[PDB]
């Protein structure tokens, strides 16, 4: 086991908005370069614990003036038939699924220099819920999961608008300091959890939860870590 998985300031956490602190210094997130051309293609991989999409160079995210990041990859967390699988919770509610987009501070050339360093890594997190319509951005990934059902498999996909996998509201979010939710669980990670959720169809949510296989001959499902105590940290909110 990696010892940082036992740190005091771990993720995910249960967001209790009434205890969140309004902080008007938290401005709208800004993204640049997220609208990709179809070529070159990206690699979508079933890594045994999630489905990840590796992102190319040139995707820039800023948490505010002088707080600049480059996107590395995104992956998903989900549950199973009639069971939610988001990592973060709100007032103890778990949502069907969750997208994470992991970024590296521009002060660091590599992930290993950033790990455990304050603000070295930043993750954008949005909850996924059921809506009435097929989400066409998600469909480009979801329609390829069958190709990568086996653990350790991967496939190429056309570039797409990565910002279309996220909510349109970039103004309203919680932010706190926490950890990777997978070994080595390094601290210093800045988590931004959007208020607005993204909508997938029931069929889409069922494809995500029901298509991939993990270690052993088990279905890759319920791939979320248990909620961690805040242990005195204060979640901030960009809105009162």
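Numbering follows the first chain given and starts at 1.
Legend: mean Cα B-factor per stretch from the PDB entry, 35 to 43 versus 207 to 215; the higher mean is in 207 to 215. When the modelled residues of the chain are ordered by their C-alpha B factor, residue 115 lands in the middle third. For residue 73, the recorded CA B-factor ranks within the lowest third of the chain. Only modelled residues enter the ranking.
In the PDB entry, residue 80 places in the highest third of its chain by CA B-factor. In this PDB entry, the Cα temperature factor of residue 178 sits in the bottom third of its chain's modelled residues, the lowest group. Looking at the C-alpha B-factors along this chain, the one for residue 95 belongs to the highest third.
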